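# Notes for the structure review
Below are the chains, spelled out letter by letter.
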Amino acid sequence: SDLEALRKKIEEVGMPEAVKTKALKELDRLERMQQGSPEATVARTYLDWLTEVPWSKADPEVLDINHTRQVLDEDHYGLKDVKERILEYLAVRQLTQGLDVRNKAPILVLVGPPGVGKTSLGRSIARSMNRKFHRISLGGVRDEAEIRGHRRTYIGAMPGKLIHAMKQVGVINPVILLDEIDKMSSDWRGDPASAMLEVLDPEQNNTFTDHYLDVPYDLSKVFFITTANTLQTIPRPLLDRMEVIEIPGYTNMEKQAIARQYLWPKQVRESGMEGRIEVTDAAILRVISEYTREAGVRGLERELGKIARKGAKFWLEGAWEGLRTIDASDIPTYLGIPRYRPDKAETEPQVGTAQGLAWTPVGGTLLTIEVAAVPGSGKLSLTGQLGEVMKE
Amino acid sequence: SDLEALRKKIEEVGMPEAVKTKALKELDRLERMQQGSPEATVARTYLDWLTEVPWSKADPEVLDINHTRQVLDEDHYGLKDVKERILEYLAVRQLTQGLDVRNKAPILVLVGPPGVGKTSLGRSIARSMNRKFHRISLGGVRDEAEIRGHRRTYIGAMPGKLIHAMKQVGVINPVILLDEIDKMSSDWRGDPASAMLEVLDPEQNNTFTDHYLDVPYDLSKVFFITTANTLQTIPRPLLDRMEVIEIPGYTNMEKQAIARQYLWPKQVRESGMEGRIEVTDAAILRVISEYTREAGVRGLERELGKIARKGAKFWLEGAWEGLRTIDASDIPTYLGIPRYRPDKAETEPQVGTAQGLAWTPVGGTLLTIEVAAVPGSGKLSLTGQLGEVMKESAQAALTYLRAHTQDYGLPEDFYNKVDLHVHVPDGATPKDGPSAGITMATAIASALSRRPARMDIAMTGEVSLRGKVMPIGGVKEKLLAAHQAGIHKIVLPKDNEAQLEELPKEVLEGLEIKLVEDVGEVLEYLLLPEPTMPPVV
Amino acid sequence: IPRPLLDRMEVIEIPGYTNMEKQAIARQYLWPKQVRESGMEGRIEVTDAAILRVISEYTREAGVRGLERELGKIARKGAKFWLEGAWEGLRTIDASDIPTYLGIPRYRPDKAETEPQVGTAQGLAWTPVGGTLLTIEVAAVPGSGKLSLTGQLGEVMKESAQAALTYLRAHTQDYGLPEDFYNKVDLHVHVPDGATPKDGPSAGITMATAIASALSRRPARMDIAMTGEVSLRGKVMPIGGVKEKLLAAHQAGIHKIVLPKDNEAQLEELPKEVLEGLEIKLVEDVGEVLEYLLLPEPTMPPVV
Ligand SMILES: *[B]([O])([O])[C]([C]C1=[C][C]=[C][C]=[C]1)[N]C(=O)[C]([C]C1=[C][C]=[C][C]=[C]1)[N]C(=O)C1=[C]N=[C][C]=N1
Ligand SMILES: *[B]([O])([O])[C]([C]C1=[C][C]=[C][C]=[C]1)[N]C(=O)[C]([C]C1=[C][C]=[C][C]=[C]1)[N]C(=O)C1=[C]N=[C][C]=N1
Ligand SMILES: Nc1ncnc2c1ncn2[C@@H]1O[C@H](COP(=O)(O)OP(=O)(O)OP(O)(O)=S)[C@@H](O)[C@H]1O
Ligand SMILES: Nc1ncnc2c1ncn2[C@@H]1O[C@H](COP(=O)(O)OP(=O)(O)OP(O)(O)=S)[C@@H](O)[C@H]1O
């Protein structure tokens, strides 16, 4: 009595026409082969993964950009360029009704130094665009199975993660996130970074064929977001499928705002104090200058954590009247000795030494190139752990 | 009862003789096994797999080609050679009755940098001649549960993907698109890379022996097309079976025209727009020249997209009326900041330099080679991240000049009293190849001799130690890069005069190509007659 | 193959075909199959040279498949022309016709130069696909005795180079060499092309011929092609791969080969038809090579 009840489950879901028969012909193949005999499982579970995976259900998307704008502006500061590539996307589809509403979702890749908030976009963009969301942990995957599970004839027979994802979310168009897309390998023990070439291919996405199922699934309408700290290690084909979006890294003036707006209160609101302690804008720079080198702010908040936590001890031993504004002359008492000196700038004309600029993902850095000429033969030495190209 | 239909179904399709008796045998083995069992299913489905696969059921061969051509053109600009490969195929079909079909007939493999249209061709070539198409994604597949399907007795079972394609397709002559065949992974465990060896083999594939359909199948008259953006990773045997076909990327003229016809209108309709905005042709050359550093279009379309997205984001913030055109002036407003440089040909005759043409898959680059001669002791220092091959070529041309010092007006004993330095800007990007020979041979001459070298003329060619000018490779992408810069004089080795017929006839009119067979002609053609600077003294 | 499977067998290698075979294996086997299959019932005919070009020019593999495909392209384009134009009988495709059908060349041939030049010799070298033809050029310019070896030479050949140079440094007067070049002339040896890496000591005497010609300023004949290994005393040593080498020379038009004495054996496996076209000299001491190669009066003035 279950199969016919399962038939109605099949009779309504989706569905692609020929796949329906390609599915019904298996249910009929399960008319016989009595429940019992082991292959019945392989057929049954197949029909489960076949029917549970969503066909023809797209979550009604939001359409007011001004609404979504301030839903983005409430969680992440700056990143104007990223927010537009979303706003532009809505303004495009909003302009489309009746015909060609959900054609494709642009596969973005977000590249930037580790310390900025990239993996926090997908967690936020979802609520913004009001779509389902399920990140895929692709940091270190080294087996061409998590993309396409092993064939249903094997003993495990579980589809790839990219279908699990489609199952967890209920809709056909979720904002699937891929974490650190460049940590995949191309060596022995598979090379999943090559399997992706079938996934992210836009004009050929809608015919994705996992190995567990044998039916072409559709991923034309799915918002693939991609993060990668660098992009000199992405296979050249992949990088020509995605869309590069430069997550720059934050300057002090922008770093300042983030602490002031988001980072500082987020800690306080999670450290008991409802405002009984406060830091001063002028003191913020000290934590930024004398205690943080990394680009971004992951390495900035955990100094506020000390500031917040040390507030507890000083409060838990004994409270005070209202707030106690921490100022610039106070941080060394909380964060201890400054662990990153500010690089001064030399101020008189010197001999054989000139000012040089050098930049890293960490940010800008001053460099004083030093030369000294001594009487001797015709030799040139290049010390200072110089790379090869600079010597040239 | 119900089996009898299936029994009647066997005689209907196909069939080869031996399998027929083989089939009826197992049917007459099935028909006497009782209605469902651990043995019925593992045998019944075999027959329901023998019947569904197509036997000797095919599609016609369209003698009409003017149609088959007039459908290919509406899908892909350029690609003239691949299109011709299909025409000649149909032309053979028209000229043949009562003989083999695919006995050594094109099992194509397309090669070319990513971004060009290869995986977007199978569906086209199928629509060209009405053959039911199917894709087989193979990038990363590293097992044998594929093409050589599992044996029919394991708890589960399924034939190989290939046999599974013939089931999914309806006929015996489909167009299978073995996508990304150059990602075959030989991570120990039976890389199929060995499995295909039987399939692609143009003479033995008519007896492809699966493990589910253990009966021999003939994939002879299938039409394989496998895309692959390299060849080093393909095993040496398997590559042989295929017929390599290169796709050399696109020029600037193609990338321009291909945008006006296919790319841009494709992006308008998807962007909600219909003709509320339209770009100007020259303002696409600006997008190709400055915002695109790749052969192909899978990157270009992502620029026209952002033009369209930005072309609609405005329509909501404020509407307008009539086609809002876009020119070069307006380009940076929509896309962004110039992300690349249109390297300009620089004209005044300089001393100790020389134009140089370098080749790269993405296209040609216009290099300038700078050489300094200063008082010293002959130490020859080569910087600019030169590769090992080029360094050796540089020493060649120099060792040539030290042998003919009197001819080109060089210092008699410069070898002993002049520190010589060669620089190839820029410094970051590594360089290699020996085609830079006659470039340096000029510059080094124009350095030691103070006769400045013209830079209207851009030269290229491998130089031997005797003074012969060897031939080089990739002359088209160089001259294309040349004309785009704005140079109309080229110095070239005789043995490359053959490869001129790939340049567009348009550009060939505005090129004063010179064919030289020895470096002596070049140094007379390049160096200005009378010196202008004092020597090293 | 696992050693249990390997040893319990009779390995019978298959070498890979020679061009002399291909000009025959095509006409007899591949071409007729490829014209029937093409549907062209005999409206087309290929000739020796027309095949000969396709053998060397448009093919760089020891294997008929490569050759076979091209005939498919000659067959197809031999049919696509038919629908656009008929003819009375059949059009015998000749050598000069191939580029019209099979397009622009891919691997140009290697002509055998012809006036004797200064410091030059046509060395032979073989690679699995087949023997090639490598010239060797050397430069003598007043300097500090520097030896510069370029052309992506392998470490073996560079050592063999010094060997020949050491030999001449011993027996200066015997040949026309400047007495004190070793510390006044900088010899440079270049073996084009610059891209293709080169290895192996079998080109011993050819560098000895080239280098000696340079210092002596005497021109060296190029109609002769030589090969072999050279020792310090000058004992020319035997070298393998003769069938692939001499066969490469014959096609290039060379008709005078110089071969080590010990390699008198490998002559037996060459096709007896090609031997009579070759004048093979057997040499044992490099002195017998320099004499046979060099002209007895230089043309370029000395280096000093
Ligand atoms: B030549 O061998 O065809 C040429 C060498 C060259 C030319 C001009 C300036 C420097 C070197 N080779 C190339 O074009 C190489 C690429 C190459 C190398 C070996 C074989 C084939 C092709 N070009 C470069 O090195 C290069 C560097 N940076 C940008 C673009 N090209
Ligand atoms: B010799 O060792 O038989 C000869 C060396 C040689 C000398 C001069 C020019 C080319 C080659 N060997 C070859 O021809 C080698 C193969 C070899 C190398 C080392 C030891 C034994 C055999 N082949 C090449 O170097 C070659 C072949 N084809 C093109 C380019 N190089
Ligand atoms: N503009 C911003 N304003 C405020 N907080 C921000 C901003 N950008 C990022 N963040 C914070 O950054 C954190 C998220 O950083 P992550 O995305 O986890 O680091 P990530 O570098 O993107 O991921 P990696 O590279 O794998 S460590 C959150 O605490 C965010 O609040
Ligand atoms: N005339 C054309 N030539 C090439 N590409 C075209 C043309 N017209 C449209 N395109 C599009 O350009 C893209 C070509 O890239 P594809 O062939 O699909 O990918 P690919 O060439 O296989 O590269 P890889 O190897 O898969 S990374 C597709 O999006 C096509 O729709």
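Residues numbered from 1 in each chain as written, not as in the entry; some residues may be left out. Chains lettered and ligands numbered in written order. Part of a larger assembly, values for the part shown. Heavy atoms only, no water.

Taking the PDB entry as the reference, chain B is identified by name as Lon protease belonging to Meiothermus taiwanensis. Under its PDB record, the entry appears with the title "Molecular basis for the ATPase-powered substrate translocation by the Lon AAA+ protease". Listed under Subcellular location (unreviewed entry) in UniProt, the entry text for chain B is "Cytoplasm". Its UniProt record gives chain B the following Subunit (unreviewed entry) comment, quoted word for word: "Homohexamer. Organized in a ring with a central cavity." (UniProt positions renumbered as here; feature names shortened; annotations may be inferred.)

Per the PDB entry, chain A carries the name Lon protease and comes from Meiothermus taiwanensis.

### Considering the site of ligand 1
Residues and elements named next belong to chain B. Around ligand 1, the surrounding shell holds 13 residues, and the nearest of these are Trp359, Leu367, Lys431, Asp432 and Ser435. Backbone polar atom of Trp359 to an oxygen atom of ligand 1: 2.6 Å apart, as the coordinates give it. For ligand 1, a nitrogen atom lies 3.2 Å from a polar atom in the side chain of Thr360. Per element, the largest residue contribution to the shell around ligand 1 is 4 residues, and it comes from strand β8 (residues 355–360). Here the residues of the shell around ligand 1 are counted per class, giving 6 nonpolar, 4 polar and 3 charged. (Near = heavy atom within 4 Å. Polar contact = N/O pair within 3.5 Å; in protein donor to acceptor, adjacent residues only side chain to side chain. Helix = DSSP H or I, 4+ residues; strand = E, 2+ residues; numbered from the N terminus. Nonpolar A, V, L, I, M, F, W, Y, C, P; charged D, E, K, R; others polar.)

### Description of the domain arrangement of chain A
Residues and elements named next belong to chain A. Domain parsing of chain A yields domain 1 (65–246) and domain 2 (252–333). Between the C-alpha centres of domain 1 and domain 2 there is a distance of 36 Å. Residue-level contacts link 9 residues of domain 1 with 9 residues of domain 2. For the pair domain 1 and domain 2, the summed buried surface comes to about 620 Å²; carbon and sulfur atoms form 62% of the total. Ranking the residues of domain 1 by area buried against domain 2 places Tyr77, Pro113 and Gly115 at the top, with a combined share of 69%. Across the contact surface, domain 1 and domain 2 share 0 salt bridges. Counting every contact that joins domain 1 to domain 2 gives 3 residue pairs in polar contact. Here the residues of the side of domain 1 that touches domain 2 sort into 4 nonpolar, 2 polar and 3 charged. (Domains from an automatic or database assignment. Contact = heavy atoms within 4.5 Å. Buried area = accessible area lost by both parts, 1.4 Å probe. Salt bridge = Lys/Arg side-chain N within 4 Å of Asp/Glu carboxyl O.)

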